[PDB]
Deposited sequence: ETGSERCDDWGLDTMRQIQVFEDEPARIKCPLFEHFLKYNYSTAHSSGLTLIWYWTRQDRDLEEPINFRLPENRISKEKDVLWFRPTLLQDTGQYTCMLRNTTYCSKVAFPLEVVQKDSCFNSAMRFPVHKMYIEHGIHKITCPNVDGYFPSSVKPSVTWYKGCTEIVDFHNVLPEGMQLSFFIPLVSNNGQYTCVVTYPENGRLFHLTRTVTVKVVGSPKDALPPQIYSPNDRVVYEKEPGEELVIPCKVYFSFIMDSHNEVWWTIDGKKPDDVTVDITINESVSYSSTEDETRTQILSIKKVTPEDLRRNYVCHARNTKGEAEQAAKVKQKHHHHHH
């Protein structure tokens, strides 16, 4: 028998139904010292098994399907195309007469609409507003056809085909936003059609395009309240504005002479407004609200008299 690394992931790999799909054996980058080339040089092979979603036993992957529907290439297992039945738990195993190792992972085949509605989980692509010309690219197309084959690419916003917009232009594998606005938000789908061995194949990918505040308008934290013109004559809220910044950790906190309810609201361009509300001798104390982001640090004392 073999040694089992368990299940590589509990995230389903989602691939669209009736579209080619290449999924990689994770054994080489998540569990072993090896890489595929060195291993293949060391005189051992990679074999595949699976359990289909509606079954409770494992079967060898059948490599004798008509038109080589499922085939294995190096560390990849290829579907040409995918079928709805292939939803299941796959297992890749490396072996010789001396050594074995195996891992499993889930694959989910997804049905899509004519308007590309599906249980697929898209990536979110953020775009700086009104900040130069931006281009997105149809994702996960490499390795599906050689460079000699020039495919047909078509883009859609929602259900509607894009020929061109007054500020959007498609160029093959890329979609161009000349001056990104909020109005360009939405789901953009690329469809890639290419031939191979006499067959016609399609690959569909949906990207959520979201426009976010540009770096040029990025400011240090701005504290609205407290400010001098409010006085607490005896609950104090600290309301801080944060410009959107890509990989920034916005912070707001209170200090009572140097130590110790959070809520947040988002803009269209995803600028954040954070309010942290806090509440004898306590009226002597000096209450100061603090905030910090990548562009600086702010301080403002509340007046408690």
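Novice: Counting from 1 along the deposited sequence, what's missing?
Specialist: Unmodelled stretches: 1-5, 240-245, 272-281, 301-305, 332-339.
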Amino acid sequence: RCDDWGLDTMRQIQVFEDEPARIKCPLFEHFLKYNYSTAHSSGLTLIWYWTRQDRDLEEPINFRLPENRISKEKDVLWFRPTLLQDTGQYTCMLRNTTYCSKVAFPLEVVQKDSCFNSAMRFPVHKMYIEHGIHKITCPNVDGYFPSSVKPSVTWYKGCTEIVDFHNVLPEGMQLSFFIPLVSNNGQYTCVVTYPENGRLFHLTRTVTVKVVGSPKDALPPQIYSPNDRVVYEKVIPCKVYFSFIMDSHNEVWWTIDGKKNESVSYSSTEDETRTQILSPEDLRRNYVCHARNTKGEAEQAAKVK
From here on, numbers count along this sequence of modelled residues.
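Novice: Would 48-56 or 249-257 have the larger average of its C-alpha temperature factors, as given in the entry?
Specialist: Of 249-257 and 48-56, the stretch with the higher C-alpha B-factor average is 249-257.
Novice: Got a sec? Mean C-alpha B-factor, which is higher, 85-93 or 68-76?
Specialist: Mean C-alpha B-factor is greater for 68-76.
Novice: Among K295, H290, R22, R285, which residue carries the highest C-alpha B-factor recorded in the PDB entry?
Specialist: Spelled out: the listed residue with the top C-alpha B-factor is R285.
Novice: Looking at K216, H134, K234, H125, which has the highest Cα B-factor in the entry?
Specialist: Of the candidates given, the C-alpha B-factor peaks at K234.
Novice: Please place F105 in the lowest, middle or highest third of its chain by C-alpha B factor as given in the entry.
Specialist: Its C-alpha B-factor belongs to the middle third of this chain's values.
Novice: Going by the recorded CA B-factors, say which third of the chain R229 sits in, lowest, middle or highest.
Specialist: It falls in the top third of the chain.
Novice: Hey, what third does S118 fall into on Cα B-factor, ranked over its chain?
Specialist: Middle third by C-alpha B-factor.
Novice: Could you say whether, by C-alpha temperature factor, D271 belongs to the lowest, middle or highest third of its chain?
Specialist: Lowest third.
Novice: Going by the CA temperature factor in the PDB record, which third of the chain does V15 belong to: lowest, middle or highest?
Specialist: Its C-alpha B-factor belongs to the lowest third of this chain's values.
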